[PDB]
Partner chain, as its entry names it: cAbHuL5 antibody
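Take a look at this one chain, the form deposited without its partner chain, written out in structure tokens.
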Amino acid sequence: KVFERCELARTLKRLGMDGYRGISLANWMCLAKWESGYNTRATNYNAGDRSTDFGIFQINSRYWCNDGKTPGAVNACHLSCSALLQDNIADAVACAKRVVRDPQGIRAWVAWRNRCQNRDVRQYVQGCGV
């Protein structure tokens, strides 16, 4: 599923993402925008280390979900990576919450540092009623 901007904003708020571990909703929106373009079925194989990024938040198989083919991988979200390719983003949000519960927080995603950190991210939630 490819979410429309405001549709996703309202959905994440309902799932309790606004202010989770100090992270505002607009930051989550900025992250989803740059990671997958709000696309739940986006997949990206990282040839360099044999891992794959899955779904709307592009969560990595080396630490967060199990796809069975990633060398030396753990499954912290205790989910099959398939769960992060569904149209319903409930499991993906629960896993994103687990990621930021680690010391790095939102910084775990390099794309956030490049495109969201220290930026005016208000544009991502403007006019959405959230």
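Numbering follows the first chain given and starts at 1.
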On average, are the C-alpha B-factors higher in 115-123 or in 9-17? 115-123
Comparing 100-108 with 83-91, the higher average Cα temperature factor in the PDB entry belongs to 100-108
Among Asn46, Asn27, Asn66, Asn39, where is the Cα B factor highest in this entry? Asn46
Taking the C-alpha B-factors as the PDB entry records them, is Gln58 in the lowest, middle or highest third of its chain? lowest
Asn75 - Cα temperature factor, lowest/middle/highest third of chain: highest
